[PDB]
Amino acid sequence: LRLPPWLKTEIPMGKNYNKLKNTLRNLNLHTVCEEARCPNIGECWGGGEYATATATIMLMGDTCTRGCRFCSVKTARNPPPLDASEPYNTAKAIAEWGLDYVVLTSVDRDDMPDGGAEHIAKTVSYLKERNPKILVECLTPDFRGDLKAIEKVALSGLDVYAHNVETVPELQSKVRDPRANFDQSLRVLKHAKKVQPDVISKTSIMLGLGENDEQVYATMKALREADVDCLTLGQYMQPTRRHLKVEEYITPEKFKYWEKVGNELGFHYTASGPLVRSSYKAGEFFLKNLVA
């Protein structure tokens, strides 16, 4: 039982924030920020000085078919069916918020035959046809290694294909649902590079789940052997009392250390920090390292 000082946040202020909160409920859309109970809700939904207010619309309802021990998203054996209006409504809300860079995600839908690859592809197609110059990033589930489902999402005009390994291989069974493993998540990023050679790969790992420095180095080196472009490192924080406890709060100085090691291995950009999540300032990192 440890409580750190550099992981404290603020209660959401509603100057530019209720516009996003009321838009999500007008179109009956969900987001991963509210379900996962992220502390960076105020920073991401409301730019302090000059940061475009962004979000992460979570598709296919607020209930996941999987139960990951680090995630507080609701889990049900059979979630409600797909909403056909979700891909169309999402494209409107994103263009309404004036985003030049948007990142989309969704819960796992193991009950769907394609796992929702066609539903995600229609959300990107409606969003790119409406605004061709907007940048889209998809945090894709593993689809249980369905190479056809991964190909369908990667060929939807995607700019950055994102699928997270979450933690080191030795902690896959304790942290993630058994339907997800380390080698499977790598085959999601590898196959996206084969079907779409010009795509940008991106993944996120979490620290504080019992991993050591030796295990983390082998994971990043294996990701570079998978030709993964981008990497994200962040401190795992306990969502609810029912989920896993934090094992070790990584120091911000060591968080900065892995940023140099990522630059050594050749990662196109390594975003590391205690509060750094997958989509945390994703558009800002794109403008600083991926445009030449």
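Numbering starts at 1 and follows the sequence shown.
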Residue 9 not built in a third or more of the other entries:
yes
Mean Cα B-factor check, 123 to 131 vs 159 to 167, entry values; winner is 123 to 131
Comparing mean C-alpha B factor in the record for 64 to 72 and 235 to 243, the higher one is 235 to 243
From 219, 89, 201, 184, the top C-alpha temperature factor is at 89
Of the three thirds of the chain ranked by Cα temperature factor, residue 99 occupies the highest
Sorting the chain's modelled residues by C-alpha B-factor and splitting them into thirds places residue 83 in the highest
Binned into thirds over the chain's modelled residues, the C-alpha B-factor of residue 93 lands in the highest
Of the three thirds of Cα B-factor ranks in this chain, residue 270 occupies the lowest
Chain thirds by Cα B factor, record data; residue 16 belongs to the highest
